[PDB]
Structure formats: C-alpha cells, structure tokens
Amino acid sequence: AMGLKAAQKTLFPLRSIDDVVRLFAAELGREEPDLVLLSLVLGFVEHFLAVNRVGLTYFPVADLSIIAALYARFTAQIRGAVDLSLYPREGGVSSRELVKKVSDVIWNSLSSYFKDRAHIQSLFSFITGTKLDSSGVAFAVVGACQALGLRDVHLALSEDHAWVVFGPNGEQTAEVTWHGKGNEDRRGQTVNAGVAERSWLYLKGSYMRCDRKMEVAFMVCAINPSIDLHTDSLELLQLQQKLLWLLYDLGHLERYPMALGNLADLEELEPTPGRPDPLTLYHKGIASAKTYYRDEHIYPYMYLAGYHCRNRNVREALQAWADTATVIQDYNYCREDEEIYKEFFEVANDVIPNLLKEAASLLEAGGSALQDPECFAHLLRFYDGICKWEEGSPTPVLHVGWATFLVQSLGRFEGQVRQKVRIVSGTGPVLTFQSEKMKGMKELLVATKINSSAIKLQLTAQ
C-alpha cells in the first residue's frame, strides 16, 4: 500500500532466495501486499543475478537502504505529480480522469530504447533507468495507483496484452501501454472495441481481472531468468518456482491458468518432492480456464501440448493441439492477433511435421501412432479448427505454405489407418467437421492415394 513498515523492514537484509520468499510470504498475508516493494526487490535480485559469473554460489544482497531509497524515489515521484484534491473520489471509485493522469505520469517518465529487451519489466528498471517493457508499464501504473490509495485500480491481462481496470467490480477499463509494433496508440481508451471484435487479443472479454494477490502472481511470472541466448539463471528459476508454490498454496493461482502452466514447466525442469506432477498442474490450468474463463484461452492447451511433444506422447500432443484449434475457431482473426497466428503456424508447418517424421523414422526402423486412427482424427480436428477460424476473418490465414505440410502429414498415415475414421459434416473414431473447406475434402482425406494438387487448392481457396 503506502510506505515501508517495520514488519517488512525487519526481514532485511535479503541474503538468499529463501529470504526473498519469506518477504513475499509476509506480504501475501496482508490485505494490500506492497507491489512497489516486491517489484523493486525482484528487479534488484534479477538485475544482479542475470549475468554470467565465476563462483559456484552467489546472491546479491538486497540491503534495506538501497530498496528503501528506490522506494522513496518512486513514491515521491508519484505523490508530487498527482494532486488527489483535484480528483474527487465518489464512492471508493477512481475517475477515468484520475486513472489517465497516473498513466501519463508513468508514460511521460520513460526514456528512446529497444522496448523488447530483457530485464526491463520491474519497477527497479523504471526507477534506475526509466525503461519498461510493454506490460511493465501497465504494472507500473497499477503500482502507482496503489501508492496513491486507489484500491479499485487493478491489472487486467489477456494472453498477449495488459491494461487496467477500475470502478465497481472493475467495470471500467483503460489502455495504459502499447501493443505490438506500429499499431496506433489506444492509451486512454476502453478495451470494449477489442472485446466487441471477437479478437483473440481481448479473449472475447474472458480476460483476467487481478486482485492485489494476483498482481503479485503476475510479477512472479514476469521474472526473466534468461542471461543470454544459451543460458538461464538457476537461482532465478528456483526463486520463481518457490514463489509460484507459495502463491499456489494460498490459492492465488486458482484463476491464473498461465501461472499454473509456468509452474508445471518449472516442475518438469526440476520436480519438487511431494508436489503434484506437471501433468496434474497442466490439467489444473485447463480446469481453471474452463471454470473462470469460459474455456476461451489458448495457452492452457498449448502448455499441455508442448509437454506431450517433449515427452514424445504423439497422440496426446496431437489431441491437445486439436483442442487449441477447437478454441480458436470461435474467434475472428484480427489486426493484432499475430502472436497466436505465429504459434499455430509453427505447430502446423514445423512441430507436427517433425513429430511425424520422427515417428516415420521410428517405424522404418521396426505399435506406432501413425497406425492409430485416433491420431489421424486429432490431426483432422486441428486443421478443421483453423479453417473455421479463418472463416469470417479478413486476413488470409491459410496459404500455399500451409498447403504442403498438410498433405505431407496426411501421407504419414496409410489408407487402411485413415479409412477407419468416419467423417461427418457438421450441419473406429467418429469426427464431425465444422468448416467449409474441410467439409469439402471429406472423402479426399481417406482415399488409398492422396489427391495432392486437389487438397492443395481446396485449402488455399478464397
């Protein structure tokens, strides 16, 4: 909330990963965990750990005087620029004008710099070098609102973007930061246009509205252990993993699917004795999206898919990727959904081919999945979902590139296997098709020989 307390100060200095965890556990026991303090601490520790070193053990000591001085600089900067007397607060709500003033104060403070660099996500970066990445700006606006006592201002998050909410139940929204490269500044606006256009970017309104403890979870997920393109900090990974289990135990990941996926990935990296296994945690992320977000999130199934892929469970990887396409078909592809376009592209035209290549190799060298018609049915459901996604969307999704791998992947199954799935137009396995194009090739897909140039054109059509 506002001002460092003795209950926080008595836990300094922070001389270890566990000391940091202890400070977070103390803060998470309060109604208003201090976002500024916790972000400064994480940014300080990350800044000094994210470098290659000589020396088996190392931890950069967070002395209270350094943290307290940075904290005072931020608080003075915010309190001195925002006259609360000019903004009558009627009923515990913040006015859209007040929220835009705080946002501009942050915004006008920033440095020219490469806004997609690592380790500029925390308030440490903001205070010491006036640099923030995209979502770091949104987080900084929420921290500054907490520093002013605006208890209703909170972080909102989609799977690819951040803004703020405020007013009763977070009814009000405001853009505070940029998104992508080149798009027109929407700061100050609501997000209703993006919700209304059914873009993935705004999740049809099924986006996350954080309380203060989920904002803590956000800044933990935002830790970046990357030192260079080949190296991660093991200390930062351990710190993030321990903090996520703390958040998990207190219930603050219940509505945070991406944090549960992150935690499962970290457990796959390095299992914690006595904890649920990664698969359990991936399914909890999916359960969370189904329960709180109308099953309208993509990454819960991508997380699961990646894990199955790494472990060479080809059927379950394919089934998870089909699930991602079943979710995406109900969106319209819009002018800033590119990041999810890229993910589906690499899955269709890179990962799935190589998985299938390896499974071919494996059979060419002596019960494959290419012999499982269920896997072929999953492959069809995946492509059916992407076709319907493109329907009713201006940007052309499929094209000649997608065409060659599609037919290459179909060939990876012999006719006798393929002929065992009954394909049903929407209006062995039994599979219903939802898209125009895949309804079209209904019988080509199961012929003893594959009509290449046919399938190639029916997909790239229109």
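All residue numbers are counted from 1 along the displayed sequence.
Peer 1: Indicate whether the chain is continuous between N313 and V314 or, if not, how many deposited residues are absent from the coordinates: none, 1 to 3, 4 to 9, or 10 or more.
Peer 2: Gap between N313 and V314: none, chain continuous.
Peer 1: Unmodelled stretch from the deposited sequence between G366 and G367, which bin: none, 1 to 3, 4 to 9, 10 or more?
Peer 2: The entry has a short gap there, with 1 to 3 residues left out between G366 and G367.
Peer 1: Out of 188-196 and 209-217, which stretch has the higher average CA B-factor listed in the record?
Peer 2: Comparing 188-196 with 209-217, the higher mean C-alpha B-factor belongs to 188-196.
Peer 1: Comparing 393-401 with 58-66, which stretch shows the greater average C-alpha B-factor in the deposited entry?
Peer 2: Mean CA B-factor is higher for 393-401.
Peer 1: Which is it among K442, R22, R15, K9: the one with the largest CA B-factor in the entry?
Peer 2: Answer, based on the entry's C-alpha B-factors: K442.
Peer 1: In the PDB entry, which of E235, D337, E90, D249 has its C-alpha at the highest B-factor?
Peer 2: That would be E90.
Peer 1: Compare the C-alpha B factor of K284 with those of the other modelled residues in its chain, then answer lowest, middle or highest third.
Peer 2: Lowest third - that is where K284 ends up once the chain's C-alpha B-factors are sorted.
Peer 1: For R294, return the chain-relative third of its C-alpha B-factor as stated in the PDB record: lowest, middle or highest.
Peer 2: It belongs to the middle third of the chain when residues are ordered by C-alpha B-factor.
Peer 1: Comparing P33 with the other modelled residues of its chain, is its CA B-factor in the lowest, middle or highest third?
Peer 2: For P33, the deposited C-alpha B-factor lands in the lowest third.
Peer 1: Using the B-factor values recorded in the entry, state whether the Cα atom of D265 falls in the lowest, middle or highest third among the modelled residues of its chain.
Peer 2: Bottom third by C-alpha B-factor.
Peer 1: So where's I223 on the chain's Cα temperature factor ranking, which third?
Peer 2: Lowest third.
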